[PDB]
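As structure tokens, the structure follows; a few thoughts come after it.
A quick note on method: Cβ atoms are made from the backbone with ideal geometry, for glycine too, and the neighbour counts reach across all protein chains shown. Each answer follows from the model by the rule given with it, or from the source it names; no laboratory read-out is quoted.
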Amino acid sequence: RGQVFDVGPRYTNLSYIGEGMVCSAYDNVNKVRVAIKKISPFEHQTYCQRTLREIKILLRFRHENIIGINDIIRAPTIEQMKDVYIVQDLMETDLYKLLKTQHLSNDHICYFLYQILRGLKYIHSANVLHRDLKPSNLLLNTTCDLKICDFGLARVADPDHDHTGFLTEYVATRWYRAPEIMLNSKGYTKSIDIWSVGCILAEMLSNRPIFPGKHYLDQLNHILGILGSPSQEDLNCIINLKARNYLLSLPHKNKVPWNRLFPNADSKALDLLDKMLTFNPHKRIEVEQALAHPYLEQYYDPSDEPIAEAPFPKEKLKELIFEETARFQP
Ligand SMILES: *CCS(=O)(=O)NCc1ccc2[nH]ncc2c1
């Protein structure tokens with residue numbers, strides 16, 4: 001152990017996983033090990049907001065490629081409730097850990113990408129944006145089943161309020177941020193997630209992040225270094241003068257061909273990558289088009305790619321977390 005990890009007698013024999021804190025544990029009712037994360041969010045409003053949003057989303061979603069919540073453990077009263085524990089299916093590894101050690105065959109890349117997009121189709125069908133897709137948020141088991149996790153930054157899509165100024169600060173993981181985040185976008189459209197998936201695909205191809213920016217504007221430097229300078233048409237879509245004039249200030253950069261960056265990659269994988277890593281978010285491929293792409297033809301089956309049945313102050317938010325978790329109480 002490290003601290004109080006107080007999960008009733010249902011869950012026993014705890015092993016540390018990572019870091020609030022995550023442990024595996026034996027579930028004495030279902031007779032399997034499970035993952036459990038301790039969330040002590042109530043002293044920080046940021047952790048509380050992300051806790052409630054995640055719980056609400058994950059309890060509504062039901063999909064093979066999205067991690068569920070199996071159980072939530074907390075004290076019987078608001079006064080006694082200092083922590084919440086979320087119990088989820090235990091997955092042996094994640095794509096971040098796997099890519100640090102293992103070469104993926106083209107077949108593995110294809111199947112992982114299929115499952116990411118299949119999960120994402122469901123999320124987007126519920127009018128939700130994940131907004132922090134990255135290898136460590138893709139859980140894997142030993143048979144290569146994949147589950148999307150961490151909905152702490154997820155939002156309902158809101159394309160009419162997507163516009164913002166140049167260099168607006170952003171929360172989600174830097175290396176997977178679409179170029180428009182740095183230029184004119186709050187990340188309130190589905191195209192933000194597709195860019196992250198493109199980055200993940202590129203990372204699966206070479207085991208290295210494609211755009212490892214070291215700070216905020218360096219991320220755009222990395223993206224433009226491979227895509228090259230945006231076209232006049234793509235620039236004309238950027239009405240914000242600060243962002244536009246920044247881009248016009250840069251020396252001309254040529255496109256680096258994908259087949260030079262990824263000489264061992266399948267050509268169909270690179271055609272799909274090109275379409276996910278499109279600079280102009282309006283021209284970027286959508287999740288259903290991505291699934292229908294020739295690269296995924298061995299798996300594509302829209303009848304087996306389900307969609308969601310419908311669209312989706314700390315003191316009141318501790319109350320809302322209490323209410324939302326009530327169904328798991330004895
Ligand atoms: C979803 C990525 S984190 O939440 O950062 N990692 C913690 C978890 C959560 C659920 C798991 N199931 N198996 C392993 C897990 C790790």
Q: Please work out which one of (1) surrounded by 11 or more Cβ atoms within 10 Å (Cβ to Cβ); (2) part of a loop (DSSP other than H, G, I, E, B); (3) touching a strand residue (DSSP E or B) at 6+ places or on another chain (Cβ under 9 Å) is the condition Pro311 fails and give its number.
A: (1)
Q: Residue by residue through the range 86-108, note down the ones that are surrounded by fewer than 18 Cβ atoms within 10 Å (Cβ to Cβ) and assigned to a helix (DSSP H, G or I).
A: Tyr96, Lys97, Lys100, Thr101, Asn106, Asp107, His108
Q. Of these, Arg10, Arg33, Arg1, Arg50, which one is within 30 Å of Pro311 (Cβ to Cβ) and out of contact with any helix residue (DSSP H, G or I) (no Cβ under 6 Å at 6 or more places or on another chain)?
A. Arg50
Q. Taking the range 247-274, which residues are closer than 21 Å to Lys190 by Cα and surrounded by fewer than 18 Cβ atoms within 10 Å (Cβ to Cβ)?
A. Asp271, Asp274
Q: Please find, within the range 21-32, the residue that is nearest to the ligand (Cβ to nearest atom) out of those that are loosely packed, with under 15 Cβ neighbours inside 10 Å and either closer than 22 Å to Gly2 by Cβ or not β-branched (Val, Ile, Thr) (or both).
A: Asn30
Q: Tell me, please, whether a residue that is outside any loop (DSSP other than H, G, I, E, B), away from the ligand (no atom under 12 Å from the Cβ) and touching an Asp or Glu at 6+ places or on another chain (Cβ under 6 Å) can be found in the range 184-203.
A: yes
(Q) Being within 27 Å of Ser136 (Cα to Cα), under 23 Å from the mean Cα position of the chain (by Cα) and surrounded by fewer than 19 Cβ atoms within 10 Å (Cβ to Cβ) is true for just one of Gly225, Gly213, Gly187. Which residue is that? (A) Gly213
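So, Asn28, is that one more than 20 Å from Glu324 (Cα to Cα) and of a type outside the set (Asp, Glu) or not?
yes
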Q: Name, by its number, the condition in (1) within 13 Å of the ligand (Cβ to nearest atom); (2) more than 19 Å from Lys56 (Cα to Cα) that does not hold for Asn70.
A: (2)
Q) Does the range 156-179 contain at least one residue that is buried (at least 23 other Cβ atoms within 10 Å of the Cβ) and either assigned by CATH to the domain that holds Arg50 or not in a loop (DSSP other than H, G, I, E, B) (or both)? A) yes
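Of these, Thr77, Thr12, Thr46, which one is more than 12 Å from the ligand (Cβ to nearest atom), among the hydroxyl-bearing types (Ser, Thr, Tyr) and in a loop (DSSP other than H, G, I, E, B)? Write out each step before concluding.
Working: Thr12 fails: in a loop (DSSP other than H, G, I, E, B); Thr46 fails: in a loop (DSSP other than H, G, I, E, B).
Matching residue, one of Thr77, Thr12, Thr46: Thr77.
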Q) Which condition number in (1) surrounded by fewer than 21 Cβ atoms within 10 Å (Cβ to Cβ); (2) outside any helix (DSSP H, G or I); (3) within 16 Å of the ligand (Cβ to nearest atom) is the one that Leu133 fails? A) (1)
Q) Give me the pairs: first residue in the range 72-90 and farther than 23 Å from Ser24 by Cβ and assigned by CATH to the domain that holds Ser40, second residue surrounded by 14 or more Cβ atoms within 10 Å (Cβ to Cβ) and hydrophobic (A, V, I, L, M, F, W, C), beta-carbon distance under 6 Å, and six or more apart or on different chains, which are they? A) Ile78/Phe322; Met81/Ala75
Q.
Of all residues being charged (D, E, K, R) and either more than 14 Å from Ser191 (Cα to Cα) or not assigned by CATH to the domain that holds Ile238 (or both) in the range 145-155, which is surrounded by the fewest Cβ atoms within 10 Å (Cβ to Cβ)? Just the residue, please.
A. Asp145
(Q) Test of understanding: among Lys97, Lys37, which residue is closer than 22 Å to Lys134 by Cα, touching a strand residue (DSSP E or B) at 6+ places or on another chain (Cβ under 9 Å) and assigned by CATH to the domain that holds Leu129? (A) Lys97
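Residue by residue, here is whether (1) hydrophobic (A, V, I, L, M, F, W, C); (2) on the phi < 0 side of the Ramachandran plot; (3) within 15 Å of the ligand (Cβ to nearest atom) holds:
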position	(1), (2), (3)
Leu58	yes, yes, yes
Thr101	no, yes, no
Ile109	yes, yes, no
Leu113	yes, yes, no
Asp150	no, no, yes
